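Student: here's a sequence, model it:
(chains A, B, C and D, ligands or ions: 10)
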Amino acid sequence: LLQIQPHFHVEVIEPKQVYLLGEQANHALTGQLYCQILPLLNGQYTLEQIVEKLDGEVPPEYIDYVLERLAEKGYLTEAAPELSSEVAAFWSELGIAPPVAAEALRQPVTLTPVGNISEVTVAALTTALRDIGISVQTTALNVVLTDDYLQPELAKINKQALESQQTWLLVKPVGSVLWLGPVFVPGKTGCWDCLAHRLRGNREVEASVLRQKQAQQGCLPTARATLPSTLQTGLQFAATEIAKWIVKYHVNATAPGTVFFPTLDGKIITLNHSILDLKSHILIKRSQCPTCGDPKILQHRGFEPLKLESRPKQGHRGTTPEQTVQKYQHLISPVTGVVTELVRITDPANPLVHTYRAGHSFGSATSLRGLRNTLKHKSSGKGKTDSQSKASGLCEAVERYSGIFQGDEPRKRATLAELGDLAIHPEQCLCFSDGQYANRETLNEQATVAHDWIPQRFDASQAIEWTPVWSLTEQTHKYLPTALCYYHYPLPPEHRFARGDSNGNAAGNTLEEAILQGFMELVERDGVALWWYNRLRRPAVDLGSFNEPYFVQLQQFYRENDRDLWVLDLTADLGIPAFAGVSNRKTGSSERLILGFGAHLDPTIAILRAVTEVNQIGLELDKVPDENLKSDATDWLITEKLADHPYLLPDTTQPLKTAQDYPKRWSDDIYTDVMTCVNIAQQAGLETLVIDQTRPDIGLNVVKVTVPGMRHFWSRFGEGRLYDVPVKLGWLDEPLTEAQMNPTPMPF
Amino acid sequence: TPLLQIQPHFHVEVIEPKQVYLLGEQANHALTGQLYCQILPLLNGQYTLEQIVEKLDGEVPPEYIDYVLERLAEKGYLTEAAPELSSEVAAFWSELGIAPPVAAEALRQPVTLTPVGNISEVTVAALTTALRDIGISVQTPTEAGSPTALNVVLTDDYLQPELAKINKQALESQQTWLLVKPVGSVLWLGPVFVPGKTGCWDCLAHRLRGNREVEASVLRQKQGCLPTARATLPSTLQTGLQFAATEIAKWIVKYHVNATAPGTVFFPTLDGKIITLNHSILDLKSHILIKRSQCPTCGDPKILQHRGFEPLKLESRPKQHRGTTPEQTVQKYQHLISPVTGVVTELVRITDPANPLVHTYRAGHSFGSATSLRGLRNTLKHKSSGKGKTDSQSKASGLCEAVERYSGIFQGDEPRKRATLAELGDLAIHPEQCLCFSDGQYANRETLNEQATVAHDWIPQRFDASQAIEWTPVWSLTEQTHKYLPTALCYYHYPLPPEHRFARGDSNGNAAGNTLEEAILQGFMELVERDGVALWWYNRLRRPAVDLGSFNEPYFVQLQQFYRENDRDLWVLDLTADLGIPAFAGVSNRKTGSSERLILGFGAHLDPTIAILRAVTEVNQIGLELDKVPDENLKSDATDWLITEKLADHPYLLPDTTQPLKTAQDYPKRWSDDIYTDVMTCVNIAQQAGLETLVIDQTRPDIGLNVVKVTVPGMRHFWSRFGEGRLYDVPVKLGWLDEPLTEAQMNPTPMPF
Amino acid sequence: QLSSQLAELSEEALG
Amino acid sequence: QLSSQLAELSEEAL
Ligand SMILES: Nc1ncnc2c1ncn2[C@@H]1O[C@H](COP(=O)(O)OP(=O)(O)O)[C@@H](O)[C@H]1O
Ligand SMILES: Nc1ncnc2c1ncn2[C@@H]1O[C@H](COP(=O)(O)OP(=O)(O)O)[C@@H](O)[C@H]1O
Ligand SMILES: [Mg+2]
Ligand SMILES: [Mg+2]
Ligand SMILES: [Mg+2]
Ligand SMILES: [Mg+2]
Ligand SMILES: [Mg+2]
Ligand SMILES: [Mg+2]
Ligand SMILES: [Zn+2]
Ligand SMILES: [Zn+2]
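Tutor: Numbering: from 1, shown residues only, chains lettered A, B, ... in the order given. Ligands and ions are numbered 1, 2, ... in the order given. Sharing the structure here:
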């Protein structure tokens, strides 16, 4: 018996039209014949028992032509006496014929509770499945019910799924947030461990609580908030997705392709019952997954040479910030992602100030103190425009993640002796003075600033892990200790010789884009170090001399917001443009001295980076009262004054720096720019080293550039450039002593 | 003897020396203190204060215990336990910040269920069961029954005519009620209607009717609502009813805590919100219901009537052009994007984000009254669109055009007065002063309309001045008083009798803006744009090109190169006429290919840089995405023009090398930093040319975004309207022609775009 | 030779 | 002046 698609409502509008009105699509048929024949295409008539009721009005030959034309256009379908009128309309609406669906749902399923899921809950899901024509065997699909996605029993299920090639679905229907999915398809989707790697990083407080717990000698039960309605909502919701998967699976095993409606394969759906929000989270299959992939990928890549190539430019990056955001948006997810969120912190009405918050990163905390020290350090976006600030925030968040030690990084155990000339002593990079090391504990105990932490002396007699790094200058591999190359590398309590920092770390759309930025960050910090700790008087910059209105407009904005803004030149022996933005509050309780830095071959971009960093740090803080200030730079912001720090304001003894004071040395190619920088460094006696931190499951390129000898802008007073460069440039006639270096640490 | 407990949604983890962690699914907390580690394990719900004091009679004394609990209580960690609630249910409510004994009391409030349309009685019974399982009791409603905290209405469609009656009783009875549609492939959930606070069902219906143009057109043709709820699994039904049960519970609890203590509850509920859960695909959308101030049912439908006859408050709007950023504009009006409760269907970028030179959006179109399948597809086309030098600008452009087009539509509450041309006398403006159709055009209108290739060249019937008609007050900025135009000219789709259809409301001069003066300025510039195009196009004038390398704008040059790289040439023509306000035409042809795809775009502004920018981004908007479509699959108006017409057929499209290139200095600077000063500059420039400038404020209070139609009688549309006036006269006044053209010598090719 | 009744038959998706 | 264990009491959202 013949019928038009059961999900269509039929309304005849007589002379030439009949409309097919659906909930998600509407169609229109034109022709008087349609008006005559369609009313009898409701399922209540045969090709036989039709002609008997309209012959003498429409020939059998005309009917066939119409009942053929509706076929190869897709309006005709068969019935299935097995399905209700309602169910059949559901599958036809997805573009699946009723009888096939009935055949698909015939396929059985298995349910497996894990964790604390009761059998009454299992029985409820069974009932939900019955009701839609799906039986449970006591398979094509295994359904696992959990109270938490990090339940250790899932690791075993996952390994068995992989060896058995069993496709399975995860669901958490208890708690105030429903988790639904993914459907794992071995050799196609990621595995549970691909997911678990993300979850473990995104559960920082839970992770540290467990550490704190174990130290006192897999997950904790937080799924406590459940209504019988939210439970039923999740089970019933899952039954629908189970049916959709089975039906899609049944048809594609036959006509692969051809069925395109979305399923939970490679996706996790979260439905927050408390606040009412539904989000879709994409699971990335990690090629370096130790369970379903090859964990040796980063090891192998690290010991092979670095291959750079031409990168034409199209503000000297090779792609738009809109595009970078677009292809890496999927990383934004507290569940499957690496970036917790990406929020515009500043007022959209303001066209000059754009700062984003990109919140979440993780570590290693074993105490409440360190746990709130983590969680406090947020990734932030910086920009002249909203789009650039967005990309900045997103990419920094992925930058910080990629630098975190996972345990698969390229490494080999050795002493400094048995590596010889290839190995770089950590002291060449850290540059702490002998006096600082000697008075470690006393000095560290006296804090105003945590990042000034003095590590234990490196003990060359100890075997350590060394990471291979590519030298762009000498075109061969060198070695840094792994502890310097990545964040949160675990060291023995009695050989804590380093804490991996972020200086020279950078993300980019390509490797050479990232390397260029990383290098410039090093010149920036080195420039600040020379200026800050020698307390040099520097010339200001005439911001009107650059063909960039933004600078002086921003100055005017600061002016209207109780502030002065000025920029100092920090350009040193490498000759690369580098600057410090400085601003003080004119009224209020405190001066709130704030600083921002930038360096770039293009001085306009360098200044722009500096001034937008001032926006990033200081302006949101002017919002919050002195008493409410919990920022790391609190004491500085409240108590310190411009009068007691003359090296902050411009030297009126020197002329204003202008655009013409900065020679152009950038090209049309980012690769060339990188090779220009490395040679500049080489002429200054410095070696440029790169470690590629790019993670395959992330994609966005991340590196750490290291130039041993170049100074960090933290309080590190070992011999070297900090003392010598200012004299080489004539800024000082004789070097300062260690005891003459700025006793006030750079607080940002 | 009440039981004390740390709120049960927290898992308590004591880390023995000085720490205890409160781990929750949606928030985590840490308490520091010897005493906390000591006392917390006794706050699990099994203990009264009395019991804890003796349980700890060893070390901690009573007054210390008291101080600890006060602190926990004041910071919101401690609460009374509700014996009648399971730990899991109490946890759900404590996580929403509700004390479990308060939640338990709120849940005792009875509710009523009411089916409408074809909702079954077992469906009603299932929801009843769902509610009962979470502690909520159900009663049956009656026509004059005592009030309840919530009436839940289950429908198969949100435009079921019976909802109008329910809505009327609810407003008079001050009854709060909920709508839900648990049948069909898309669950609709909400809103909760609160009479006096939220919008009414009529507020919603007014949006729904509009966003269902297929349904509406079928209904018009047929001569209410129709179904479409066929597709239902028993799992999707139950998903919808259980979901509804949760939101019902959350509403009644919220309502209980705000009866006393207003504003102490934060968590979202379905008040003024609709949730759609598409079951077939997977997607969840929240749709904001705006309470319409001019609602015929719950509001004052005579606002716009009153406002029309009030004078126009214009004031200084400093530019920081336009008064705000496009990102602010978008944010403030994002909520208007919704195919259910909104006025714009969608807002999507169509162009490649990797391209930093081209930014076009399509904003989903609204509706017209169409009585035919012909009418549908036409009023289903003409999507609103955005264009920009940047992504944010194009986004704002698309959104604001969509709201602009909606705000111009005749709803039936617009300022009107029934009168003849005579009774109003000189305040009245004859419609022919605006239309400017020729006498010949009117006489032969029926044949000409039948032979016309282009729809917008429709010649209306003549205006019978003897007929009483509806005139709409318009503000004259030149004379600072009210004039009158026929309502049929001031708004879209104003219905006229078939024997007296003397006008169709057009879009010329219509504009939106963050302020009135912003919208007026843009509207005015649109008028000079079309006038300029009309002069050039229909006189087929040869115009000089523009040296785009003389404006200090790198974008023009970059775009030309981008065109060169994508099989096109791009140039600009000067259309600046007697008003001296710079106006331009961007023109571009394909090199190679089957057809030349002649495309063009226009723009006018006080700032010639912006004018060229408008023109050239419009050619981007119209053409670039059309190029990749082959001639066969080309749709839309102008297809004939695109495939057939060549540059050799229209030499007035390319610049005449007889004249020098227009440079930046050829355009005197006449714009300020005040938008208001700029419009008063425009009103006076027009007045100098002997032209009056009128304004009709089309701003709808439920929309917010200002929308106007600016009308300057005499200025030409770029449509084929060949009545006497500027079309013939301006070119000779400027020395562009030695003699006027006759009507018969006007360009026989209608301007395609 | 096709009957006009059969020829005027068109089908389209409004959306 | 407040006793140490009373004074050390603190709470915070993480
Ligand atoms: N448009 C972009 N494309 C790719 N990466 C970017 C982009 N903008 C910024 N980043 C990256 O994001 C991080 C933050 O950038 P930025 O805020 O400019 O510098 P920093 O935070 O070092 O002062 C850097 O690693 C940078 O390389
Ligand atoms: N940034 C903005 N803020 C408010 N309204 C805008 C903005 N940009 C464009 N619009 C409005 O959106 C509509 C479309 O703008 P645009 O595409 O620039 O002009 P047109 O479509 O008339 O050529 C116009 O009514 C305009 O006033
Ligand atoms: Mg940063
Ligand atoms: Mg950085
Ligand atoms: Mg920085
Ligand atoms: Mg437009
Ligand atoms: Mg317009
Ligand atoms: Mg336009
Ligand atoms: Zn895996
Ligand atoms: Zn209303």
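Student: for chain C, which segments count as helices?
Tutor: Remark: helices assigned in chain C by DSSP state H are C:4-7.
Student: how about it: which residue is closest to ligand 2?
Tutor: residue C:15 (23.4 Å; CB to the nearest ligand atom). Backbone N, C-alpha and C define where each C-beta goes, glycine included.
Student: what's the answer for the stretch 451-600 of chain A, then?
Tutor: Nearest residue of the stretch 451-600 of chain A to ligand 2, counting by CB to the nearest ligand atom: residue A:553, 18.9 Å away.
Student: circling back to that earlier point, mind listing what the residue of chain C closest to ligand 2 touches?
Tutor: Counting by CB atoms under 8 Å, 6 or more residues apart in numbering or on different chains, residue C:15 makes contact with A:25-26, B:214, B:380.
Student: most neighbours among these, which one?
Tutor: residue A:26 (22 neighbours; other CB atoms under 10 Å in any protein chain shown).
Student: correct me, but that one touches residue A:11?
Tutor: No. Between residue A:26 and residue A:11 there is no contact under CB atoms under 8 Å: 10.3 Å.
Student: what do the two both touch?
Tutor: Taking CB under 8 Å, 6+ apart as the contact rule, the neighbours common to residue A:26 and residue A:11 are residue A:19.
Student: once you drop chain neighbours, what's closest to residue 14?
Tutor: Picking chain A for this. Ranked by CB to CB, 6 or more residues apart in numbering or on different chains and with sequence neighbours excluded, the top spatial neighbour of residue A:14 is residue A:35, at 5.8 Å.
Student: if you could check chain C rather than the one you did, that'd help
Tutor: Nearest non-adjacent residue to residue C:14 (CB to CB, 6+ apart): residue A:26, at 4.5 Å.
Student: residue A:282 too?
Tutor: Excluding the flanking residues, the one nearest residue A:282 by CB to CB, 6+ apart is residue A:330, at 4.9 Å.
Student: hang on, that neighbour is in a helix, isn't it?
Tutor: Yes. The assignment for residue A:330 is a helix, going by DSSP: H, G, I helix; E, B strand; the rest coil.
Student: do I have it right that it meets residue A:283?
Tutor: No. With contact defined as CB under 8 Å, residue A:330 does not reach residue A:283; the gap is 9.8 Å.
Student: now do the SS call for residue A:239.
Tutor: Going by three-state DSSP: residue A:239 is helix.
Student: what do you get for residue A:10?
Tutor: Under the three-state scheme (three-state DSSP), residue A:10 adopts strand.
Student: need the three-state assignment for residue A:274.
Tutor: Of the three states, residue A:274 takes coil according to three-state DSSP.
Student: ok, the residue of chain C found nearest chain B - contacts?
Tutor: The nearest approach of chain C to chain B comes at residue C:14, 5.5 Å away (CB to the nearest CB). Shown in contact with residue C:14 (CB under 8 Å, 6+ apart): A:26-28, B:214, B:376-377, B:380.
Student: equivalent analysis for residue C:10, please.
Tutor: By CB under 8 Å, 6+ apart, the neighbours of residue C:10 are A:29-31.
Student: of those, which belong to strands?
Tutor: The members of those that map onto strands under DSSP state E are A:29-30.
Student: what's near enough to touch residue 8?
Tutor: Let's take chain A. A:20-22, A:27, A:75, B:230.
Student: nope, chain C
Tutor: A:16, A:30-32.
Student: circling back to that earlier point, could you dump the contacts of residue A:8 into JSON lines and include secondary structure?
Tutor: Shown next, in JSON lines, are those (three-state DSSP):
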{"residue": "A:20", "secondary structure": "strand"}
{"residue": "A:21", "secondary structure": "strand"}
{"residue": "A:22", "secondary structure": "coil"}
{"residue": "A:27", "secondary structure": "strand"}
{"residue": "A:75", "secondary structure": "coil"}
{"residue": "B:230", "secondary structure": "coil"}
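Student: can you list those residues in JSON lines and add distance to ligand 9?
Tutor: Shown next, in JSON lines, are the contacts of residue A:8 (distance: CB to the ion, whole Å):
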{"residue": "A:20", "distance to ligand 9": "45"}
{"residue": "A:21", "distance to ligand 9": "46"}
{"residue": "A:22", "distance to ligand 9": "40"}
{"residue": "A:27", "distance to ligand 9": "44"}
{"residue": "A:75", "distance to ligand 9": "44"}
{"residue": "B:230", "distance to ligand 9": "42"}
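Student: give me the contacts around stretch A:288-304.
Tutor: Against stretch A:288-304 from outside (CB under 8 Å, 6+ apart): A:158-159, A:162, A:186, A:190-194, A:197, A:285-287, A:408-411, A:467-468, A:477, A:691-692, A:695-697.
Student: got it, and stretch A:646-655?
Tutor: A:531-532, A:535-540, A:566, A:568, A:582, A:593, A:642.
Student: hmm, 7 Å instead?
Tutor: A:535-540, A:566, A:568, A:582, A:593, A:642 (CB atoms under 7 Å, 6 or more residues apart in numbering or on different chains).
Student: which of those residues sit farthest apart?
Tutor: A:539 and A:593 (19.3 Å; CB to CB).
Student: grab the nearest non-local neighbour of the spatially most central residue of chain C.
Tutor: In chain C, the residue lying closest to the centroid (CA atoms, centre = their mean) is residue C:9, at 1.3 Å. Excluding its sequence neighbours, the residue lying closest to residue C:9 (CB to CB, 6+ apart) is residue A:31, at 4.1 Å.
Student: go on, residue A:179?
Tutor: Spatially, and ignoring its direct neighbours in sequence, residue A:179 is nearest to residue A:172 (4.0 Å; CB to CB, 6+ apart).
Student: so that neighbour sits against residue A:143, correct?
Tutor: No. Residue A:172 is not in contact with residue A:143 according to CB atoms under 7 Å; the separation is 11.9 Å.
Student: residue A:508 and chain B, how far apart?
Tutor: 16 Å (CB to the nearest CB, to the nearest Å).
Student: appreciated, that's everything.
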